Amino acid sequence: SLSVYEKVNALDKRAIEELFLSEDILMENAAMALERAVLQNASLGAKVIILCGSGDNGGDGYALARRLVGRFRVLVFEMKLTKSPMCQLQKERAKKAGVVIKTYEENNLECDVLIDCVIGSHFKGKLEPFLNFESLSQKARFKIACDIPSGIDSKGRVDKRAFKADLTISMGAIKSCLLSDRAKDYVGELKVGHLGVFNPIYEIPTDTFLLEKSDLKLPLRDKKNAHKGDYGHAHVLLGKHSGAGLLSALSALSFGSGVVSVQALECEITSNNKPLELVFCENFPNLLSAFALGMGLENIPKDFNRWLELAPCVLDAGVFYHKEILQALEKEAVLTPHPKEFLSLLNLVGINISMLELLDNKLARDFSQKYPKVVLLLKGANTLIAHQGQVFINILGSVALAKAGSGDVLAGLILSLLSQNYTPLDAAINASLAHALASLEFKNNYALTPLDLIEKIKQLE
């Protein structure tokens, strides 16, 4: 788990006021982080192009140029004249350090690695026409962005001609903006570049976290005096589109639930077909560990509210389009809404927004602070998991997950963990991670199917 910040202004400030670091040391370190990235993706001799803006971001670029002299063929393009003092100092240092700096003009940008150091975390509104990075980087093998790709604002919105990097070196710590769904296609790999001190020292409290593969806690059994009952009883409600619910049940069984039963609501499934491994019920069991509802569902069942007193649950897809999904907001529930499904949710609650919630997708956080007893898993290119004040973002999933059914397996996973007694938040976090990490196990990102995805889960490494 990595700490996430909307702005690191306070942290830089504190690095100087509390940690006694100087701006020179912060920048020199930033330059080292960049150097490490070049050495890791380019051989000793390659051509490296560095585009420098007018502020501290460009400063990083001139500092870097300086550090590469002698081990690489460096060309620095001064995209904007220097303004910031640190930037002017670093430019002078570069010239004196034998760096080739040329002033650019629209009228051979070919290189082994191009580095974007034009604009940092203070990008405002619009990128000028001569800043067409798409063009600037057409002849670049590897593209690296310094801190944040030029053209991305603090809210996660991306300028049309923003920079597209294979690797982004977030300085000091990760910014929220690098995790926006729309920004996925521009940031490439995210790596934190250290500023002179161990990161926990540089970091300060926050309520936003970027999950890592290491945060994953598979439901591996570790006691041996365990009995089937110790692993919970999961109950899945089959809607009109029985496949969904069913896929979910098979997922819950595959993920560790002691027993998994189903129940036909708006569908013709009985002891009829139904997989040999699933247990069928004619009615809701008074003794369960958790239940799932929403997948392939057309209408909330009568006895809903009864069930909300019987055990924890994961509410999915279809419930978000029904007033009754309101009685669940004060219960132990994991909500698994899509943007639309969520648009509908904020509304039954007195909140009408358009897909302008995409521009504020995460700060979700408010929704959770409003309903502290619930867990919100907002789906998207990047998944947002919100509980009370905290937000945990998952950016590991593969686009391979578009497929319908992909979501029913996720519900089964969260359901399984709830039946195995994980806390609602922990069940959403780990299910989201198992799911996704498992999506990476497909040769072709177009051949992902529900059943194949479950097998991958059965053997997640």
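All residue numbers are counted from 1 along the displayed sequence.
The segment from residue 283 to residue 284 is modelled without interruption, since every residue of the deposited sequence in that interval carries coordinates. The stretch of deposited sequence separating residue 353 from residue 354 contains no residues lacking coordinates in this entry.
As listed in the deposited structure, the average C-alpha B-factor of 204 to 212 and of 338 to 346 is greater for 338 to 346. Of the two segments examined, 366 to 374 and 310 to 318, it is 366 to 374 that shows the higher average Cα temperature factor in the deposited entry.
Across the residues 90, 107, 257, 248, the deposited record lists the maximum Cα B factor for 107.
As recorded in the entry, 268 carries the highest CA temperature factor of 147, 189, 116, 268. In this PDB entry, residue 460 carries a Cα temperature factor that places it within the middle third of its chain's modelled residues. Ranked by C-alpha B-factor against the other modelled residues of its chain, residue 46 falls in the middle third. Among the modelled residues of its chain, residue 142 has a C-alpha B-factor that falls in the middle third according to the deposited record. Residue 291 sits in the middle third of its chain by CA B factor, as recorded in the PDB entry.
Remark: residue 85 belongs to the middle third of its chain, ranked by C-alpha B-factor as recorded.
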